[PDB]
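S.K.:
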Amino acid sequence: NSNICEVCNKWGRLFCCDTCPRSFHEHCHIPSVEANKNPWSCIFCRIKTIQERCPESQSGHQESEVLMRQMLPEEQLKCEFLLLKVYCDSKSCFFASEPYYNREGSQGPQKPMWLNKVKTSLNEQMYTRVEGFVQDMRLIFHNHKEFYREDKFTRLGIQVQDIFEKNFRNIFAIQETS
Ligand SMILES: [Zn+2]
Ligand SMILES: [Zn+2]
Ligand SMILES: [Zn+2]
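Written as structure tokens, this is what we have:
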């Protein structure tokens, strides 16, 4: 097994996956690493199993159809993994915790959003469709672009949104386009 957390790339109190060499801090894994279960398989292994059990799940899909899916166990897992993939980028630190807004010439967003709030929402099964989760994720970056206007700090929102969108297209097998 790896000697650092797959998500935050630090050592510490790590839980090791039984089916692959990754390790995690307890609350870096999503969902949080389970109390018992031997063997234990991480989210990366669980996602790979879904794909192996249904190879056709990798054929291209339309985003509009994906968004309307109900949050059954397999969609719930895919959204958890997509969230995890965003936390894996070190620039996610800017969007993890609850933001505040006091900048000359700007007004804060009507509906603030941040990654830890999305993490809680997933954990508490508040989203009924994939759409709910994706809308909250995209709102994080949209609020950031709008608030920071022409400051170069806006680019952090562009960068992290690109990681989200690439991972979304991969995990949910969105049909490739020009
Ligand atoms: Zn970690
Ligand atoms: Zn694993
Ligand atoms: Zn099948």
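According to the deposited numbering, the sequence shown is numbered sequentially starting from 701.
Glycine is no exception: its CB is placed at the ideal position from the N, C-alpha and C atoms.
Count Cβ pairs between the segment 767-777 and the segment 856-871 that sit closer than 8 angstroms; are there 3 or more?
M.R.: no
S.K.: If we count the other Cβ atoms within 10 Å of its Cβ and call it buried at 16 or more, is residue 857 buried or exposed?
M.R.: By the neighbour-count rule (16 or more Cβ atoms within 10 Å), residue 857 is buried.
S.K.: Please look up how many angstroms separate the CB atoms of residue 752 and residue 724, rounded, as I've assumed it's under 8 angstroms.
M.R.: That pair is no contact at about 22 angstroms.
S.K.: For residue 719, tell me which candidate among 781, 845 and 740 has the shortest Cα-Cα distance.
M.R.: 740
S.K.: Is there contact here, the segment 772-785 with the segment 726-736, by at least three beta-carbon pairs under 8 angstroms?
M.R.: The segment 772-785 is in contact with the segment 726-736.
S.K.: Helix, strand or coil for residue 723, going by three-state DSSP, please let me know.
M.R.: Under the three-state reduction of DSSP, residue 723 is assigned to strand.
S.K.: Within the same chain, show all residues whose beta-carbon is closer than 7 angstroms to that of residue 814, passing over the 5 residues directly before and after it, in chain order.
M.R.: Same-chain partners within the cutoff: 795, 796, 797, 798, 799 and 840.
S.K.: When you measure from the CB of residue 742 to every non-hydrogen atom of ligand 1, does any distance come out below 6 angstroms?
M.R.: no
S.K.: Residues bridged to residue 770 by DSSP?
M.R.: Residue 770 pairs with 829.
S.K.: Could you check the C-alpha separation between residue 658 and residue 827 for me, to the nearest Å?
M.R.: This structure gives no information on residue 658, because the portion of the chain shown stretches from 701 to 878.
S.K.: Report yes if the CB atom of residue 871 is closer than 7 angstroms to the CB atom of residue 761, and no otherwise.
M.R.: no
S.K.: If I'm right that residue 854 touches residue 845 with Cβ under 8 angstroms, what's the distance once you round it to whole angstroms?
M.R.: 6 angstroms
S.K.: Which partner residues of residue 815 appear in the DSSP bridge assignment?
M.R.: Residue pairing by DSSP places residue 815 in no beta bridge whatsoever.
S.K.: Please tell me whether, using a cut-off of 6 angstroms, the distance from the CB of residue 717 to the nearest non-hydrogen atom of ligand 2 is below it.
M.R.: yes
S.K.: My understanding is that residue 780 touches residue 822, with C-beta atoms under 8 angstroms, so please give their C-beta distance in whole angstroms.
M.R.: Contact holds; Cβ gap of about 6 angstroms.
S.K.: Taking residue 710 as the reference, which of 833, 742, 789 and 738 has the closest Cα?
M.R.: 789
S.K.: Just the C-alpha distance for residue 722 and residue 742, rounded to the nearest angstrom, thanks.
M.R.: One alpha carbon belongs to residue 722, the other to residue 742, and they sit about 8 angstroms apart.
S.K.: State buried or exposed for residue 878, treating a residue as buried only when at least 16 other CB atoms are found within 10 Å of its CB.
M.R.: exposed
S.K.: For residue 715, write down the residues that DSSP places opposite it in a beta bridge.
M.R.: Looking at the DSSP assignment, residue 715 forms a beta bridge with 724.
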